[PDB]
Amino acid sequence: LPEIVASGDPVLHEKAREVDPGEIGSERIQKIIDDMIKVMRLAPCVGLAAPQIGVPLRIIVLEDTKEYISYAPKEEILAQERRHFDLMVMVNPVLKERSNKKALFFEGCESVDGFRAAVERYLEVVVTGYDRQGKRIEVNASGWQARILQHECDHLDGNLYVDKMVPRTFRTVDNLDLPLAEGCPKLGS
């Protein structure tokens, strides 16, 4: 299995290339997708983008499970509108917001080990693209799944969350629960 690439590796900070839709069913692409799913599940994390394993292609994978959700308190899950969703593979995803509704919560990324920051995201999105088999799909998502989609689509354009985080919120994982500083907007929606 490929290792998750850390911030600084140019592949993370460069625009990923579209996959030829007719090649999605190929050995080469299926292997990249298989590797991404295994890497994601090994971390474990709820989302991964191809550049994170050193592959400059427009591919994301994502899932949120009863198990992952069980590691957070009910009150946080409720606030974050965080709900299970089946494994999703999107090739050449194109994301657009469904409304102007936004929420602010702490995010992390496997390519930035040991830190989190508060990131404003759209609450409702639509993402078009291709599935694992090369069939055209349209995904409508809200709440936490929508945030995951934006985070992972961002990686395809060489964009990390640290370059669009709310000022004065960046923090170590151990400091996650400390108050927000004077003047910071409050978490939630």
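So that there is no doubt, residue numbering starts at 1 and follows the sequence shown.
J.: Looking only at CA atoms, which has the higher mean B factor in the entry: 146 to 154 or 22 to 30?
T.: It is 22 to 30.
J.: Mean C-alpha B-factor higher for 34 to 42, or for 130 to 138?
T.: Comparing 34 to 42 with 130 to 138, the higher average CA B-factor belongs to 130 to 138.
J.: Would you please rank residue 86 by its C-alpha temperature factor against the other modelled residues of its chain and give the third it falls in: lowest, middle or highest?
T.: CA B-factor rank for residue 86: middle third.
J.: Lowest, middle or highest third: where is residue 4 by C-alpha B factor in its chain?
T.: Middle third of the chain for residue 4's C-alpha B-factor.
J.: For residue 76, does the deposited CA B-factor place it in the lowest, middle or highest third of the chain?
T.: As the PDB entry reports it, the C-alpha B-factor of residue 76 lands in the highest third of its chain.
J.: Against its chain's modelled residues, does residue 110's Cα B factor rank lowest, middle or highest third?
T.: It belongs to the lowest third of the chain when residues are ordered by C-alpha B-factor.
J.: Using only modelled residues of the chain, where does the Cα B factor of residue 15 rank: lowest third, middle third or highest third?
T.: For residue 15, the deposited C-alpha B-factor lands in the highest third.
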